[PDB]
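What follows is one chain in structure tokens, specifically the form deposited in one PDB entry.
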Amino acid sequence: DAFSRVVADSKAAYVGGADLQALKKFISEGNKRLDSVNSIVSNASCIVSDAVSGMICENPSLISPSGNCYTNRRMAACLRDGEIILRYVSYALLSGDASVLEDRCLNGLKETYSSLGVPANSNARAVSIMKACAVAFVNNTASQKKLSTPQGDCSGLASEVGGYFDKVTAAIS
């Protein structure tokens, strides 16, 4: 409830102590799930940068004068959107649910991109690079690793986050 209000209520939700104990009874694999979310969120800036950089290095026309990332204004909007998408995917993983991702991020998004002329193939590539990043962070196989987590298998959570990225891809491609 507290997170839903936030994502109707303006101030942040601070879920610690007994409230955190309760949260972990209503999400599957609660401890692993929070490790997985943190592995993405705490690395968000590199994930977004690498995805946008890779989208562009694969198609440099995006930063030519006719490309959709031309001008600082447009580049800013694209970097921003990568971050927005990653945030909604991360919240889907925190909550164990796609409903907010679908309702607040994806429903209407392709229509907006179509009217703006934001290129769908390029956008899909940014999303797919972010997906690859997230999978590796969940499984702790990125180049930058968390040192001391108890070892175990998070392949289920990695599959789950992959499915949220796939919803994004399906919605905008």
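Residues that one form lacks are left out of the comparison. Quick note: we count residues from 1 along the sequence shown, nothing fancier. The term rigid core refers to the maximal set of C-alpha atoms that superpose within 1.5 Å between the two forms.
Gap check for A2 to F3: zero deposited residues are absent from the model. The deposited model assigns a higher average Cα B-factor to 23 to 31 than to the other stretch when 23 to 31 and 133 to 141 are compared. The stretch 109 to 117 shows the higher mean C-alpha B-factor when 48 to 56 is compared against 109 to 117 in the entry.
When the C-alpha B-factors of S42, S128, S148, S36 are ranked from the entry, the top spot goes to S148.
Keep in mind the form deposited in another entry is missing from the figure; the text below concerns it.
Once you line up the core between the shown form and the other one, the CA of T141 is the only one from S115, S66, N121, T141 that shifts by 2 Å or more. Note: the CA-CA distance for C154 and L147 contracts in the other form relative to this form, by 3 angstroms or more. Relative to this form, in the other form the C-alpha atoms of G156 and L147 approach one another by 3 angstroms or more. Regions where at least three consecutive shared residues each shift by 2 Å or more at the C-alpha between the shown form and the other one, after core superposition, span 8 to 10, 140 to 148.
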